[PDB]
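Asker:
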Amino acid sequence: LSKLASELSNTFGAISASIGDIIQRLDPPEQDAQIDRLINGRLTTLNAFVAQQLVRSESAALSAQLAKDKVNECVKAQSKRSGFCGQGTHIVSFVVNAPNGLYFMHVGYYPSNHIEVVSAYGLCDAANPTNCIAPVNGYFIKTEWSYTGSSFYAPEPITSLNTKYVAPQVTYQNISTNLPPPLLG
Amino acid sequence: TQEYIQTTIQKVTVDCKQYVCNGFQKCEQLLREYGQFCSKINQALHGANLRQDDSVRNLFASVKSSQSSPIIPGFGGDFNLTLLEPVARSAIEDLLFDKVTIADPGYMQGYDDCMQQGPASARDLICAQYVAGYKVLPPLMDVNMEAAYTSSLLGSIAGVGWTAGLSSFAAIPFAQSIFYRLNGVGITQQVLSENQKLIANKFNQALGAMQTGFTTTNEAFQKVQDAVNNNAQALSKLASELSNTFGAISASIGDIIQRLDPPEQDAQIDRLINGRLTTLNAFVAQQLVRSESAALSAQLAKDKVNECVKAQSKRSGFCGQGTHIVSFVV
Amino acid sequence: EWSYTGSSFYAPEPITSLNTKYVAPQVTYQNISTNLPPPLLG
Amino acid sequence: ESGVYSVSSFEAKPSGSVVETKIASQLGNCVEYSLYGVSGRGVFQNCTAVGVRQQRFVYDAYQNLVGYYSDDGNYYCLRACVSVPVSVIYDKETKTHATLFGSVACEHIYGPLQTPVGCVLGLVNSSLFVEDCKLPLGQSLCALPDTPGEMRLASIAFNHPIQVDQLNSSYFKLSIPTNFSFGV
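Protein chains in written order, with the working numbering: chain Z, 612 to 796; chain A, -9 to 320; chain S, 202 to 243; chain G, 13 to 196.
1) Quick one: is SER723(Z) buried, meaning 16 or more other Cβ sit within 10 Å of its Cβ, or exposed?
2) Quick one: which residues of the stretch 60 to 79 of chain G get their C-beta closer than 9 Å to a C-beta of chain A? List them in chain order.
3) Can you tell which of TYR758(Z), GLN698(Z), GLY624(Z) and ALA628(Z) has its C-alpha closest to the C-alpha of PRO793(Z)?
4) Along the stretch 165 to 190 of chain G, what residues have a CB closer than 7 Å to any CB found in chain Z?
5) If I measure Cβ to Cβ from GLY108(A) and keep anything under 8 Å in the same chain, skipping five residues before and after, which residues do I get?
6) Can you pull the chain A neighbours of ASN742(Z), defined as C-beta to C-beta under 8 Å?
7) How far does the beta strand (DSSP E) with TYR776(Z) in it extend, from its first residue to its last?
8) Would you call the stretch 257 to 274 of chain A and the stretch 13 to 21 of chain A in contact, with 3 or more CB pairs under 8 Å?
9) Let me confirm a value: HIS717(Z) is counted as buried when at least 16 other C-beta atoms fall within 10 Å, else exposed. Which label applies?
10) Can you give me the start and stop residues for the alpha helix (DSSP H) that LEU262(A) sits inside?
11) Spatial neighbours of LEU225(A) within its chain, please: CB distance less than 6 Å, with the 5 preceding and 5 following residues excluded, ordered by chain position.
12) Taking Cβ positions only, does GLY176(A) come closer than 8 Å to chain S?
13) Taking Cβ to Cβ, would you say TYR732(Z) is nearer than 8 Å to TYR783(Z)?
14) Assuming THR127(G) and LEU153(G) make a contact with CB atoms under 8 Å, what is their CB distance in whole Å?
15) Kindly indicate which three-state DSSP category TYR120(A) falls into: helix, strand or coil?
16) Using only CA atoms, which one of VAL320(A), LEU290(A), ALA272(A) and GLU297(A) lies nearest to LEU35(A)?
17) Quickly, what does DSSP pair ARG53(G) with across the bridge? List them, please.
18) Does DSSP classify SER142(A) as helix, strand or coil?
19) Among the residues of its own chain, which have a CB less than 7 Å from the CB of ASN773(Z), if the five just before and after it don't count?
20) Consider the Cβ of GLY64(A): report whether some Cβ of chain G lies at a distance smaller than 8 Å.
21) For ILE633(Z), which three-state DSSP category applies?
22) Determine the extent of the alpha helix (DSSP H) in which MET105(A) is found, giving its start and end residues.
23) Give the range of the alpha helix (DSSP H) segment to which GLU209(A) is assigned.
24) Using 8 Å as the Cβ pair cut-off and three pairs as the minimum, do the stretch 47 to 67 of chain G and the stretch 82 to 98 of chain G touch?
25) Name the chain S residues that come within less than 7 Å of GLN186(A), Cβ to Cβ?
26) May I ask which residues mark the beginning and end of the alpha helix (DSSP H) holding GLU184(A)?
27) Quick one: residues in its chain with C-beta nearer than 7 Å to the C-beta of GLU23(G), no 5 flanking neighbours on either side, listed in chain order?
28) What residues of chain A sit near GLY52(G), judged by a beta carbon separation below 8 Å?
29) Among residues of its own chain, excluding the 5 on either side of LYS107(G), which ones have a beta-carbon nearer than 8 Å to its beta-carbon?
30) Quick test of the definition: if touching needs 3 or more C-beta pairs under 8 Å, does the stretch 169 to 177 of chain A touch the stretch 41 to 60 of chain A?
31) To be precise: take each residue of the stretch 32 to 62 of chain A, compare its Cβ to all Cβ atoms of chain Z, and keep it if any distance is under 9 Å. Which residues remain?
32) Would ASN221(A) be called buried (16 or more neighbouring beta carbons within 10 Å of its own) or exposed?
33) Please state whether the Cβ-Cβ distance between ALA160(A) and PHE184(G) is less than 8 Å.
34) Whole angstroms is fine: what's the gap from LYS213(A)'s alpha carbon to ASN236(S)'s?
35) Please state if the CB of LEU713(Z) and the CB of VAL703(Z) are separated by a distance shorter than 8 Å.
36) Around the Cβ of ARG22(A), are there at least 16 other Cβ atoms within 10 angstroms (buried) or fewer (exposed)?
Listed below in structure tokens is the structure:
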């Protein structure tokens, strides 16, 4: 808006920014030239203004579609897309209105104090090598073997609720003593 | 599938007063009657330039890994990733830069290079800066920092796209990661187990084949050169338009002053002003268009790193063609 | 008779509990009476 | 507001004039010139002849005069008097600033500090790292206010990720959180 408010004071080479001053001081053959300078400057200003309103409205429209996607992906759903919503692992988002759009409030899960533990790719019954398990949404860790969820270290027993049966692999461990219940068959 | 995403444009500022009037007081006196023209040019470009520093900062904040394994020679196991290992930029990354013709902006001492050696060739847009009144600004991050970001990204791939949550890191072999990625798209474990050497060899052929790919038939590669050419074109407008007279008796203000008295001298200087103001408005309008485009593109790059590189994608056509397995970034 | 293959690569292997899921019956499912795979041998 | 801004360049000014006041006596200087009616400002240098001698004035592809065959028998290259780029590094809270002459060696300008992006006055080299840079200078440099004192020249740190080693075994290392927080 400041472009329109501030440009009318310019003369663009004219004797005055005022048409009335031009008319009052000059006769038509020169008066015309002076008015015409003001016209060219003002037409230029309006073309620049319009060009920017079109650029800004195109940008805002694209942005609005981004807002649309975030409401559907972020707010109405838990997202599994890293970095789409907020940083860290997305849990929940909220939306409030903002002066020219939406303000997203993304609540994420931020891990800390990481430790290193030793993990298996899977576990097989050493006596029954075709009977193997892999962890579900977590890891098999040494501590013998126990399960922990992937986002938080908290060892718990390996059970049928945190494992899946898998085909045997060369990287799976052969366990022969404290076999977890899914392998005690 | 090779893909280039532009995230920035070259940042340029203009000494508008010098560009238009070249130090001539008569011109400056007439320029004032056009309002705070140069303030508008400077502010528009300042904002446009901040936009890239913000775009870059945001993009790299997202490529940044939390946890990553070290890159060691031999990274990749049977999978030949030496192409991607830092030599520090990677070998493919240096090749990509060496094959693109880019003028050297002279960020540390270009002012002097252009005096003691002079212009490299006809239409040298770097030396034109000190003549025309425009300046090419340095990027937000130096090369070693950008290399550090993609190097840490490389080392995070096997252990990031592995299981639930984004909080833990599995420091597992690259090869092991590939086999999980292949199993995840429908190739059974019996097959992967019988063919591990065949799979590694095919993978290696796919990447090895790319070493000689930065040529005329590589569309992604031309897009890299075109981004470069677009920066050059933007600067050529300023370098080439000062020679125009725009109907005036001369492109030189000094010639106008030397030949004509004020009532006519004014008209001639004014033609040059109008032409130069027009040129600068066009320049700025394009820097704003180009910076808006680059910013959108930067967000696309952000999504690809998170979707493509830090994860195996299940979205057909988002990453490359065919079924996505793994992506790398340089 | 029937065997399993992964979706991206033809490589027949036996139908086992590791490559199947139990489902509700449908009109398009085949009725097999001879070489029943282990998940159906109940 | 605080930030790094481009401002008008520091102009080179004429130190004399040449007219065809001889060129040979003023090589390397910025002078006004008038050579057989052709005029402007620039710096003359002794150099290898190019173009047709008989035509006297050598022009470039943008129609600038870039060389001249003198009546004293020499060919001179003509360079524009070149302005010296200026960027102001300003911190609103401290009311302090520093000046960056981008692309310029300090030989043309605590004394001046030569950095990877140009010559900077008003900064003191600190061998300090930041992540939180508000006044980036380019490359991986940052102006850091002393808070008031002089601004420090700081480098932007690369923040390394947690390094997790791979094992030469059938096992793997798991870097797993033991704690957490929520953030917005």
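Cβ coordinates follow ideal geometry from the N, Cα and C atoms, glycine included.
Answerer: To lay it out plainly:
1) exposed
2) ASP72, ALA73, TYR74, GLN75, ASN76 and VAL78
3) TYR758(Z)
4) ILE174, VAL176, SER182, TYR183, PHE184, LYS185, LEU186, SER187, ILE188, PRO189 and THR190
5) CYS117
6) Correct list: empty, because the minimum Cβ distance to chain A is about 15 Å.
7) 774 to 777
8) yes
9) buried
10) 252 to 294
11) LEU115
12) yes
13) yes
14) 6 Å
15) helix
16) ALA272(A)
17) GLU44(G)
18) helix
19) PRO746, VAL747, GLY749 and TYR758
20) no
21) helix
22) 100 to 106
23) 209 to 231
24) yes
25) The premise fails here: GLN186(A) is roughly 14 Å from chain S at the closest Cβ pair, so nothing lies under 7 Å.
26) 179 to 184
27) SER95
28) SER242 and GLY244
29) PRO160
30) no
31) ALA51, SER52, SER56 and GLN57
32) buried
33) yes
34) 58 Å
35) no
36) exposed
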